[PDB]
Each structure stands twice: as C-alpha cells, then as structure tokens.
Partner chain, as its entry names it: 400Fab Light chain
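The form deposited without the partner chain is given below as one chain in structure tokens.
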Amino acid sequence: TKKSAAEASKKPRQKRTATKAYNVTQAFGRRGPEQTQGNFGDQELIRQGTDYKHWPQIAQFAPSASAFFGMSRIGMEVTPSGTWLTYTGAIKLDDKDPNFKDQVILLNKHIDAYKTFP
C-alpha cells in the first residue's frame, strides 16, 4: 500500500502533497521571484514538506476547498502555456491566539527564505 514518489507525482499539481520522499521542489518547483513560482519555504520545509516539524502550524492557515472558492478573488486567463484559474486573497491571523507571536515568526521564516540560501 505504501505510495511511491511516482504515484505522488500522478496527482494534479494542486492536489500534490510534498513529503521527504517527494519534496517541495519536486512537487511544486524551485522557489523563486517569478509570478509563476512559489516563494514559500526554508531549506528544512522544502526538503521535508508535510514531514516538517511545524507543518501542522503552517497548515492551519491553508483553506478548505469551500473557503478557497469562498474567500478568494478568482479569475480565468488564457495564455500561450494554457488556460489558468487565478486566485488571490488574504487570511487573518488571530492576534488573541496565545500562539500568535510564534505563528508570525514561523511564517516569516519561510516567506522568501530562498533569498538567503547559501
């Protein structure tokens, strides 16, 4: 029953789950500055994906499918590469959560982390 990395890659990109065996770079591409690239994750999170120590503390901010379509600004664009469903939005952190300060520190660690990789 244990899935191979190849089996994990069969999922459409938006449904993939990164792990140590099939990591963020492998599932989602290198981190970088371009619009088409993801910018989130330090070297530890990139190499570990959902096996990362603080994954549950990151995932608490990810939207359910209902919320993704409920909260976001959704669009459609046709380009040479194909037809794309575009999305933007924002998620409010709970500054009454006693973990607020740690959540900010955690998110900041990963945002644009690639800029200081050795």
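Definition used throughout: the rigid core is the maximal C-alpha set that superposes within 1.5 Å between two forms. Numbering follows the first chain given and starts at 1. Residues that one form lacks are left out of the comparison.
Chemist: Determine, for stretches 90-98 and 6-14, which one has the higher mean CA B-factor as deposited.
Modeler: Result: 90-98.
Chemist: Comparing 28-36 with 63-71, which has the greater mean CA B-factor as deposited?
Modeler: Between 28-36 and 63-71, it is 28-36.
Chemist: Should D51 be placed in the lowest, middle or highest third of its chain by the C-alpha B factor in the entry?
Modeler: Middle third, going by the recorded CA B-factors of the chain.
Chemist: Within this chain, which third does the Cα B-factor at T83 fall in: lowest, middle or highest?
Modeler: Its C-alpha B-factor belongs to the highest third of this chain's values.
The same protein also exists as the form solved in complex with the partner chain; that form is not shown, yet it is the one meant from here on.
Chemist: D51 near the partner chain in the bound PDB entry, any heavy atom under 4.5 Å?
Modeler: Yes - in the bound PDB entry, heavy atoms of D51 and the partner chain come within 4.5 Å of each other.
Chemist: Under a 4.5 Å heavy atom criterion, is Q43 part of the interface with the partner chain in the bound PDB entry?
Modeler: Although the partner chain is absent here, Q43 would stay clear of it in the bound PDB entry, with no heavy atoms inside 4.5 Å.
Chemist: Heavy atom within 4.5 Å of the partner chain in the bound PDB entry: which residues of 51-80 meet that condition, in order?
Modeler: Going through 51-80 in order - heavy atoms within 4.5 Å of the partner chain in the bound PDB entry - the hits are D51, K53, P56, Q57, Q60.
Chemist: Tell which of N108, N99, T25, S9, after superposing on the rigid core, has its C-alpha displaced by 2 Å or more between the shown form and the other one, please.
Modeler: So the residue whose C-alpha moves 2 Å or more is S9.
Chemist: Just list the residue ranges, at least 3 long, where Cα displacement is 2 Å or more throughout between the shown form and the other one after aligning on the core.
Modeler: Flagged stretch (3+ res, CA at least 2 Å): just 4-10.
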